[PDB]
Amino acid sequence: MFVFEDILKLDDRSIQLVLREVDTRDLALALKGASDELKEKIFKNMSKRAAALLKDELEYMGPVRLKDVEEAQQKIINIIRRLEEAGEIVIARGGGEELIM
C-alpha cells in the first residue's frame, strides 16, 4: 500500500540508490505532483550538477498531463519494489508508524 509520499520515510541512502534507475523526464514529471517537502528531500540527494539538469528540464517542459504524472510515479514505485527484494531499501530513523487494530 505504498504511495509516492511514503518516499519521505526512506533513508537518504535508499533515495540515492533509487535516483540511479530513473531518467530525467520521469523524475521531473513525478516532482510536479510532490509535496514541497518531498522535493527538498529529493534535491538533497542529487549531485550539484544532476540537480541543475533537473531544474533545466522542469523549466523546459511547461504544462504536463495529470495522468503522465501518475504514470511516472508508479514507474518510480516499481523500482523501489525491485530494489527492496535485493535488500537495498531501509526505513529511516523515525520513519515508523504507530497503529491500532
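Residue numbers run from 1 along the displayed sequence.
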Which wins on mean Cα temperature factor, 82-90 or 7-15? 82-90
Should the higher mean CA B-factor in the entry be assigned to 64-72 or to 33-41? 33-41
Just say lowest, middle or highest third for the CA B-factor of residue 56 relative to the other modelled residues in its chain. highest
Assigned third (lowest, middle, highest) for the C-alpha B factor of residue 50: highest
